[PDB]
């Protein structure tokens, strides 16, 4: 990991060379590898020299404080490294208020609770279909056989995209969150745009009721959304639809495959699933992005200079022992589940109703049919970090005679 030379305004004792794309002991799990930032030795604000050099807030309180302070911590450059944050132009995420407010309203229209409730029957049926089909085999590669097809196919149906384009779209979205290096962020962004611009154009000529039609034919400030804004908005929805829930589901199922007491609780008390969903979202939070400083700022005794970037990992607040006692322990009866998994401040995630509904459906439908399962013997479940953290592969095994037709 290359280290950028230490800027002169940054003092030595705050330096902690954390690589957000390669955190230390990832074999303990990516959330526990990020939590090394909250170890005993570690200041609450640190400078890392990796990825061009940037600050990191490591505590839930400072993360929330920064997220509620867009006048100082701007969304104009929200990704590390700078080159990616500079090329990030998705809408509404790259706008500060009040400008982002009306775009947020358009985006919210296509993935909001009215749309989730409209899709619920599609969501239920595809999840049951996927889990039937594999129920009698006694094994699966969960990432490939459920975690990817279930949320992506729902998102493609909501956006009206053939699905068939999934391999290409999935590969581009991955490039922007956990890059492999064969493309810059801008190169993946520009390929996503070449895909989207003709569909947007096609859909102003022949509108359907899908999400891309509704955006391209939308309005901000009483005037038509432009072609330029429509593709930056549609692009954002495509990266969240393809690379968030997908990764999160694998984390949960890996947890449940090692935790029979937790499985039984959700089978015997199905009304507990929504609360367990919240506690799995805290424990297996997976997003981390950042902000750029609009001005010099003395932040809890540390001088941040105009143009510094600061990583404010959304996943860290709920792993913070100051927010949740015994934070690595999953407790479905936790009296207060404190987290910022879906963000904080004016950018709080718009697709979170879709995500919760997909997570709850996975939990209920998988456990109604495959109540007993395990990680394959001698399998290594390998994690991966980035803007969105993930799981490489999750081989599960189970006895088909202990499954259930429903």
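Residue numbers count along the first chain shown, from 1.
Between 191-199 and 250-258, the higher mean Cα B-factor belongs to 191-199. Legend: mean Cα B-factor per stretch from the PDB entry, 308-316 versus 235-243; the higher mean is in 235-243.
Taking the deposited Cα B-factors for 294, 282, 322, 118, the highest one is held by 118.
Take 270, 167, 327, 78 and read off each C-alpha B-factor from the entry; 270 has the highest. Annotation for residue 36: C-alpha temperature factor in the middle third relative to the rest of the modelled chain, per the entry. Placement of the Cα temperature factor of residue 9 within the chain: highest third of the modelled residues, per the deposited record.
Annotation for residue 111: C-alpha temperature factor in the highest third relative to the rest of the modelled chain, per the entry. For residue 372, the recorded CA B-factor ranks within the lowest third of the chain. Only modelled residues enter the ranking.
When the CA B factors of the chain's modelled residues are split into thirds, the value for residue 386 lands in the lowest one.
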